[PDB]
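[1] fold the following.
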Amino acid sequence: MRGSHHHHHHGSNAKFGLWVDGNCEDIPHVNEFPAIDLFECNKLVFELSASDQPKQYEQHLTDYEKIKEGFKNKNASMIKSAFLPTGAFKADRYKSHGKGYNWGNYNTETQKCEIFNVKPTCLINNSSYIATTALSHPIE
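    Residues are numbered from 1 along each chain as shown. I have put the structure below:
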């Protein structure tokens, strides 16, 4: 036999809608990826180059100097109980986006991955892996 767990709720591949009215009344469109079959959301270059540089992304040399202020907040100490505020100060997580070949989010529901871009101000995302081997890829 070859089947999985069935369901009848709302989501992306299952349905196409959103939660009750709020601040973002619309519906984004990210590319899903069955990482369970291959590995993760790392391979994706069929139609993403078009959105590789939407705005001025050539003068980002001043974005690396903020690498030392990545912990300017305090989540590093509230880890054991850090209420992930991925909405109010979501723009504070300015990691090394310049060296993040990965631009997708991960949803823990059944077994699927999402990859496309970052949301402006909505509530249909959860995990987000941007860090990637910018050059060296040792075991560490």
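
[2] okay, now stretch 25-43: how far is its last residue from its first?
    End-to-end span of stretch 25-43 (CA to CA, to the nearest Å): 30 Å.

[3] likewise stretch 99-110?
    30 Å.

[4] got phi/psi on residue 106?
    Phi and psi for residue 106, reported as degrees, to the nearest 10, are phi -120, psi 130.

[5] and the nearest residue to it once chain neighbours are set aside, how many neighbours?
    The shortest distance from residue 106 to any non-neighbouring residue, by CB to CB, 6 or more residues apart in numbering, is to residue 127 (3.8 Å). C-betas here are computed from N, CA, C, even on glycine. Residue 127: 12 surrounding residues under other CB atoms under 10 Å.

[6] from memory residue 127 sits against residue 104, does it?
    No - the criterion here is CB atoms under 8 Å, and residue 127 misses it with residue 104 at 9.1 Å.

[7] phi, psi for residue 50 please.
    According to degrees, to the nearest 10, residue 50 has phi -60, psi -40.

[8] which ones are touching it?
    Residue 50 makes no contacts at all, as judged by CB atoms under 8 Å, 6 or more residues apart in numbering.

[9] so how far is residue 99 from it?
    To residue 99, residue 50 is 21 Å away according to CB to CB, to the nearest Å.

[10] before we move on, the earlier item: so the residue nearest to residue 106, which state does it fall into?
    coil (DSSP: H, G, I helix; E, B strand; the rest coil).

[11] could you do residue 114 as well?
    Using three-state DSSP, the structure places residue 114 in strand.

[12] how about it: what's its closest non-neighbour residue?
    Leaving aside its chain neighbours, residue 114 sits nearest to residue 30 (4.5 Å; criterion: CB to CB, 6+ apart).
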